[PDB]
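Right, one structure below, let's go through it.
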Amino acid sequence: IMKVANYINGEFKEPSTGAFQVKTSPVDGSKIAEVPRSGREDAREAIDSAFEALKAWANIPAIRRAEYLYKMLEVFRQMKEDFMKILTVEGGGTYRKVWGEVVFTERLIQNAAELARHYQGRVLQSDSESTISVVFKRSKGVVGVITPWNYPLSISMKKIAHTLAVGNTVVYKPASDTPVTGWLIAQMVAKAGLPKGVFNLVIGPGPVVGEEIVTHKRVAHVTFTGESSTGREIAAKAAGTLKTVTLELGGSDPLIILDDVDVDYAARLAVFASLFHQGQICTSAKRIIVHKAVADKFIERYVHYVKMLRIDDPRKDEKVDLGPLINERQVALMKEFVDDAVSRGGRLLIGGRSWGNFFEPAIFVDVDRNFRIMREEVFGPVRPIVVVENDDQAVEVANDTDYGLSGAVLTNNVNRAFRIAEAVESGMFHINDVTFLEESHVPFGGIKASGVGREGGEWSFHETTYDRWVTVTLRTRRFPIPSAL
Amino acid sequence: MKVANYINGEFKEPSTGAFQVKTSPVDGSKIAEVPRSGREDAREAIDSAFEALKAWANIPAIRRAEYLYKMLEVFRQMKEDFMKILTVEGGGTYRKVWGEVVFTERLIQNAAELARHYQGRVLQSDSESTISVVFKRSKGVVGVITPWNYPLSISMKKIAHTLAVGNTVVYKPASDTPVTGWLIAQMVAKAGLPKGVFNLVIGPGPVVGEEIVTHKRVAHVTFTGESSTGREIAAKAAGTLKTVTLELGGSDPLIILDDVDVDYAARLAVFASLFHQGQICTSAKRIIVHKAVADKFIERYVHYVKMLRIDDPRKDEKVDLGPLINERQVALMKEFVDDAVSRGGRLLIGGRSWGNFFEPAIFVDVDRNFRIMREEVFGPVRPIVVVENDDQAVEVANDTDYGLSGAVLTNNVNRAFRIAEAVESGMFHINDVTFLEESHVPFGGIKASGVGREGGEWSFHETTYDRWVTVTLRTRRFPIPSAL
Amino acid sequence: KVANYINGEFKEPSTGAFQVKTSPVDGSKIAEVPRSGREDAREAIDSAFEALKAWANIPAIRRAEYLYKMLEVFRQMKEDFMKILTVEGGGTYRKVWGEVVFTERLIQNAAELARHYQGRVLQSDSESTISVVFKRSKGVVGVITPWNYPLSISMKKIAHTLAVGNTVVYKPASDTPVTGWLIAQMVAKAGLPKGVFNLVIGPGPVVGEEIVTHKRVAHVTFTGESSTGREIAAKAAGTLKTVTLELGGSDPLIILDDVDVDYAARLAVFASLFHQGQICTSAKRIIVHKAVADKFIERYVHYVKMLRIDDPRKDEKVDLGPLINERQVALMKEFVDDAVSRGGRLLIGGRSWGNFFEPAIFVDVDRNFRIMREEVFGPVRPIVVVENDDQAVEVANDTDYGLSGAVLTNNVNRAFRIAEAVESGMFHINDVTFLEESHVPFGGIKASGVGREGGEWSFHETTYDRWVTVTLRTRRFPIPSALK
Amino acid sequence: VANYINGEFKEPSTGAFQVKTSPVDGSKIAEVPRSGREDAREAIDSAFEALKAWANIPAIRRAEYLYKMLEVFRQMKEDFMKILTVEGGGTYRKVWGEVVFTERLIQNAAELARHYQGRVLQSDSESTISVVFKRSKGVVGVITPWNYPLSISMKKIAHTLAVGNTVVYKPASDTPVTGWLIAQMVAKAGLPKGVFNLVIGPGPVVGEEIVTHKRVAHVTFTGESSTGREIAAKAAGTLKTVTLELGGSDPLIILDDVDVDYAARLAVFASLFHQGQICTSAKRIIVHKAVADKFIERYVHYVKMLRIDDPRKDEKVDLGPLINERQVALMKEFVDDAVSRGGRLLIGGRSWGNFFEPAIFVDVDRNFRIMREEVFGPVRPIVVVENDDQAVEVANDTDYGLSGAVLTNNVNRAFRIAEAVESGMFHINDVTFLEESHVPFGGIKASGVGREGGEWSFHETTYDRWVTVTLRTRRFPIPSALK
């Protein structure tokens, strides 16, 4: 009953050119909807709308913005089934995956609303007499939000909700493979009645709409989640106008398993961590590193549970374990990873088959550091297991990557857990849990090739505000020039 | 006098032996021979800093603080040497360089004081049986690239605070002030910091600086200089995804309302607009005065400008203004004066120049198309603009690409606060100079003036990252495989 | 049918004892309410104590969920709360509307903040040591409240204390029990776990004193008279329980000579006489600069004369309702008589009928007047004329109290100097003395009490810090010294 | 030895004095004042008069004074060490540790003075600026004990001064000379008259005056719980706030997966350093049955190795004497009670003069006095438990709640125990008496209220002050008739 459209300055509308393209399901290639194929003029219009809305939005008290976010939360709760349906048919997520995403998104919107009134500046001691010295927080301005296709709802809403809460306005460009999710977000914002221009949606190609957002002089900041190469490109283009950036660029997270673990539990945890959403998670456990003393048993248990994984049309029922990859390019790339691993002498323990956009888990042992699946982020269900002889070697292998997003160690020893946690080079780390733990208000982000900045709660606020030192001087004084006086 | 690099605990020549002669802006006399380092020297410094990093980051903060207190002790005995060099090399007056050295003492002390006290957070977890905390970790090897106007205080704010939280440093000072950089390295050497923790490489920005900015073992670059340079650094830094702190100058407004002590306002204005010959990022570069007091203000302001004593800054302690740093600065100031005259400006006083000296040139009858309204004027050429009301004052104040600091003079609390809120700047001062600065406050700008903040814990924020760590104390069941 | 609420159950007091609650408007019966005794208090306290571990141990987000539930139920009960605040407490429509709106914000604020109360990760001075600070709830908290703003003061204490994982035993003022019962209705409908919140309606020296002396009560938060607070503080020492005390004030409202005098008078009337002056942060001592004193006094008295005193049930435009009981009228009469007897000039008012007191305004008072020496919790107000800012501050500070204060002026220097010099826990420039927001630190100094309430400050009061370390290396110990 | 009041060393107004003797051999140490209420009152009035000037200078000026105090202290280290030993009974190693920690304490206070921040808040109203300033409380009473008289005093004094309070200081009666050396240091550091004051006299006279005087804003106290309750009650009269650290009966929990020999070594240090006269001494040792036999054997072995001697003799004396005869008498009561109740005395119990050999008991139950009371001396129970639940139940079966520790290599057991133990502080795999200059030190339950150390000391002796500026006019709801 409704066409998919851009949302610009309070109005749903076609791209100026009228150009469109067809979004199909990764599940079966069926048509989902025609969606805009916007261009630079559409991006410019959204940016100008956001810019004209900015002062009114930034200057209302925080409690009024919080109220809008609470309304958004109420609208979101009414739309939950709609979001789950689209996350499954457009993104290929299983019932359990998209249920988790929608529950987390509810917490994210609520978290941003909760915190809006409480973002504080500081009162300082002055080293001078008769001086009041304080620091205010101010919003950065128009913020470009550019997002990926794997968790398109929760990742988008983490960025959008928190950015809006502290008084920025938004121009949002969803991933091209998940446009309907972005349009549903715009439906939600529109129903919550936010002032026109405060939130804008532009559906179109990254190299056109995204680039316009990243280079426009009225955009103050870009928050971006996607590939490291795209991130470096955006960071470079952002420099033209000195806009700041938040970049979350994926990972090759280590899951380190020591010899004192419950091996069956370790395997269960490892399967979930390494293969949930077909391993298409930035904090997926992408490199599994196991102590030689439990390695044989761990590998057997891990393969045992992998064998049980059910791959199917994610619309069929609520207990499907894995759906398809997002498109044919991903399948082609996973095939390259498997073929490379086998050519280099790796032992394919299980899996390897694919059909349409579906790709089975493919598990390797006997790998070395020159394997593509050890050197690159593997955004799909191909996973190496590396056996190490001690903790020193576990750490060396864990750190032998350009990435540095998250990581985890399983052990019951407090000394080994803390030493390894300290030594692993990552922006996040989890003792006795999955690598992709995430809460709405914690600093989420990485180091090294995994990006810059942190998002979540007040950390999102830190990214999209600045400090403003203000003083008041209550006495007159003599000045050193002209000295003759 | 021969100057050297300081790399991995050793003072040494550039690997090519290449040197160049540095002269005083005061009279052109030879001051020193200094390195012309190349990319190999930069790489050696970076490798040394990288190799020193883990040992320096991992000792307790109290130990790093001890090194900084020792550096403070060494600095206190070198005060006179720093002042002399800031005058003869940088052209600063006694009062200017005295102020810089006093502030530098405070900066080193501030970094030492704070090192033990930079805290992370313990969080509430939304999950049962989960401990959730956030640690602070140092970024790694930090490039420090600095300007010539306040080469000591600006360098030491960056260096001292960056070291405090467990970063190592590769430092490349401005080409016009290499000797101040070498003296900094001397102080650090005497303080006995572990080899590689601090390194000095003297050489051309486009060679040494570019190596620092593009090298994959450098984690962060903190830069103070021109907006165009900063834009280039930010773009180059993207290749390795290193972060940056950029302070790129300003065109700060000084707003003077009609309820002020006009004589005091003029005295304040002269100091704020012309101290160190206006060569200050937060100089009061655009003076904006309310119609009702404009005539009297302008008369007083020119009166006090006329009293300024311009002279060899080495002569005595009461010289008001010294020379500009080089002939290019003189040439630029002449362009600003030429443009203002050509567009109908009235030159109330000044414009005379001889050698590197320049008598402050003050213009009225200016409009928004004047170069001295549109560009940063990093020298002693100043426009005075008259406005009819507070709305216009704000409009003119914000009519700039820059956004560093700003100030308003008024006794009215409502006008003061409304103007402070409306002016688009990273910092703002009510009833004081535009260039107020303390050791521990967030210093920095918005718009074309740059990104990030420096000073105390804000410097720490720039050169550390947050690290979320959890411990889960209970086992649970996972959603896949569902057949379980 | 009004009753206690203990361990998830509405019930009669154990003795079955009751008393009648009457309206201050006309003495009409409102409801029979419990007259509980110590055994009722002990049952409540034991219920809270047994509920504590389960409530403190759930994740913060679950407690926030319960408070958001409470907020939903409150929004349904708004009309009920306003009706009772008026007929039981004597508040006008505008007063009770304001209290209900603020209460909604208070419950929301507590819910908002629950998940975000953080501890700290520290630098250790020792090697191989992790050092952090957690926040822990104190335990069972006694909540004892007054009659003037019984809903908003109760809910500020109750909501924030529950948010961070304490359980609550609540005893409302004897003159406002139905409000306390409606709160219990709200909590019950929100479905909080049994024992987490308990209501005991009864005499302060019986029920209240049991709460304050019981070994399983960890904290008491109290708002009321300074004498009562001092007794509670003393009694609380027996078990080393901590206390938050808000004990009223005698706030100065300082009016300088540069104000809009008409506006100052309008502000002063609102600040000094809203809710018949029965506000801890009422402007109880008006201090005006001699240069505007005559016009101010004329305008102030003019607006006071315009105040409509009537049955607050009559309509929404009634300005002033009755005092809470006849004992308050008798006290205000003593204040008026003492002022008259001491030579004070009664400008207007001072009549009373039933529980309704007509605002009595005095000039030509001195420091020995009871209305200058004591908190006047009613509509009797002194105006003092002063010659300069020094005198204003001397008179402002000449009080045992120190809760809030305000200054009206357009001069930024005079505003800040006066704000700094006035000895109070809170201070407002160009606004009323009783400004209050849900998340700011509300509280006083001197005889006005100890501690702060509001958002995270409420959390600070009812939690404690817990330093935890992990040492990751073994070491040698100094005894026995003989040992290797 | 004299008082230090308003910048001047002087004897009490009465001229009264008393002779202090060494706990080591009873020899004379010094004549010290016996001050009265008038001396306390004079100190308080001096601190009150000095307060505005001290509170109002920039924090950097107060920091400079503390840095100067630090330099003076560094020159007086040997003096402090001698007096802590001969007046306090501390061994060389104990007093060396105290002096080192005191240096760090003074430096920590100086470091933080410029950095104590308030907050800028979001306002729920339009056109409103809303901020929170930090202000000093005023005149602060500092009342201290005899066991670590230097470090405990200086942690309180240095941090309290740093944020702009003035100080009236009353040291414990058994350690007045240490108190006088502190006044000496402060005098040489040149602090303004009245900012710091020393009054030496009996707690029930000088202390009570401090606690009840109307111009004293806050009292920070360390000592016995009974005294603390006394002070908290008297303080209520003038609504002054208090900080109280009132000792502990800390559990040291030792699980079955430990290096048992290491555990014993750690336990001996934790339980008996300074003769157990430490608020955070490991006073109740709780050990898992699977390692208990071996642990008890190793622990008694190391206890037997302890060298008890004149602490003045050399640097390797492990234990000195208890502070006085009353402490010895109390320790005998604890031993008597444990024997009467069926405890097995594995070693120790001998006493001569103020010296006492650590008495170690097994076979104890919860009704023993040494399990129910704080044992501020070298008598220690070892209790055996069957599992972690039982370890926790025993650890919490105390009125106190100061510190605590668990020894284990298991992360789950360490954390669950840490969470479950009811204490203000807790340490995994270390001694119970860990202490740093800037961490929140203090207890729950009977162990007291408040925290001290760095910014936590600042919180105790400052208050928040909410200030607003409203930038627009508005209509008010009364009189409602106004248009």
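Side-chain atoms are counted along with the backbone in the values below, which use heavy atoms only and exclude waters and symmetry mates. Each chain gets a letter, A, B and so on, in the order the sequences are listed, and its residues count up from 1.
Across D/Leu306, D/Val467, D/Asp464, the residue that shares the most heavy-atom pairs under 4.5 angstrom with chain C is D/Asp464. Your options are D/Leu121, D/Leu319, D/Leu244, and the one with the most heavy-atom pairs under 4.5 Å with chain C is D/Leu121. Among D/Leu434, D/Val268, D/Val449, the residue making the largest number of heavy-atom pairs under 4.5 Å with chain C is D/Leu434. Comparing C/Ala447, C/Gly454, C/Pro441 by heavy-atom pairs within less than 4.5 Å of chain D, the highest count is held by C/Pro441. In terms of heavy-atom pairs under 4.5 Å with chain D, the best-connected choice from C/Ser424, C/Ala406, C/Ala419 is C/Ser424. Per-residue counts of heavy-atom pairs under 4.5 Å with chain D were compared for C/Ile445, C/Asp260, C/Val304, C/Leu273; the largest is that of C/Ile445.
Residue D/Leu246 touches chain C through its side chain alone, counting heavy-atom pairs closer than 4.5 Å. Looking at D/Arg93, the atoms closer than 4.5 Å to chain C (heavy atoms on both sides) all sit in the side chain, from C-beta outward. For D/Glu455, no part lies near chain C; criterion is any non-hydrogen pair under 4.5 Å. Only the side chain of C/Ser131 comes within contact range of chain D, with heavy atoms under 4.5 Å apart. Contact annotation for C/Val440: both backbone and side-chain heavy atoms come within less than 4.5 Å of a heavy atom of chain D. For a residue to count as touching a neighbouring chain, one of its non-hydrogen atoms must lie under 4.5 Å from one of that chain's; by this rule D/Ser225 touches chain C with the side chain only.
Between D/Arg307 and D/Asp318, none of the side-chain N atoms (NZ, or NE/NH1/NH2) sits under 4.0 Å from a carboxylate O, so this pair counts as no salt bridge. Ion pair C/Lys446/C/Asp400 not flagged as a salt bridge, since none of the NZ, NE, NH1 or NH2 atoms sits closer than 4.0 Å to an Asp/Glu carboxylate oxygen. Salt bridge absent: C/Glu461 and C/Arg452 never bring a charged side-chain N and a carboxylate O closer than 4.0 Å. A salt bridge links C/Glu420 with D/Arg135: the closest approach of a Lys/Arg side-chain nitrogen to an acidic carboxylate oxygen falls below 4.0 angstrom. Salt bridge annotation for D/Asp314-D/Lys316: absent, with no cationic side-chain nitrogen under 4.0 angstrom from a carboxylate oxygen.
Counting heavy atoms from C-beta outward, D/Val431 and D/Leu266 have side chains that approach closer than 4.5 Å.
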**Report entry** Worked verdict on C/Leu483 versus D/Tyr302 for side-chain contact (heavy atoms from CB on, under 4.5 Å)
**Finding:** CA-CA 9 Å; C/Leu483 193 56; D/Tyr302 291 125; 3.5 Å; yes
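For the ring pair (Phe, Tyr, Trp, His ring centres under 6.0 Å) test, residues two or more places apart in sequence or in another chain that qualify with D/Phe269 are C/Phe477, D/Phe273, D/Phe433.
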